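Asks: Just so you know, we're using PDB author numbering here: the sequence shown kicks off at 202 and counts up by one.
Dumping the structure here so I can ask a few things about it.
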Amino acid sequence: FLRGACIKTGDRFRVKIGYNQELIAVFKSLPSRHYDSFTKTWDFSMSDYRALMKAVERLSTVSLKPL
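Written as structure tokens, this is what we have:
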């Protein structure tokens with residue numbers, strides 16, 4: 202099951218799938234974190250990449266494709 206949201210962009214719209222509680226907790230632990238409230242997307246410095254991937258490997262409810 203997935204919960205997501207439609208995001209209006211002019212006369213088009215995007216469909217964005219939401220995060221979960223665990224993941225957001227990881228996100229807020231990272232010093233370079235940025236949330237885009239328009240796109241509903243989190244981004245980070247590459248300086249936080251290894252830390253993110255390391256925290257997520259410990260979460261049984263999240264799996265992320267490495268860049």
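From the three backbone atoms N, C-alpha and C, an ideal C-beta is built for every residue, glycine too.
Is the Cβ-Cβ distance between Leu253 and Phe228 less than 9 Å?
Replies: Contact: yes.
Asks: Since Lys241 contacts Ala206 with CB under 8 Å, what's their CB separation in whole angstroms?
Replies: Going by Cβ atoms, the distance from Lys241 to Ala206 rounds to 6 Å, so yes, they are a contact pair.
Asks: To the nearest angstrom, how far is it from the Cα of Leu224 to the Cα of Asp212?
Replies: So the two alpha carbons sit approximately 32 Å from each other.
Asks: Are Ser261 and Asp249 close, meaning C-beta to C-beta below 9 Å?
Replies: No, they are not a contact pair.
Asks: Beta strand (DSSP E) containing residue 191: first to last residue?
Replies: Any question about residue 191 goes unanswered here, given that the chain covers just 202 to 268.
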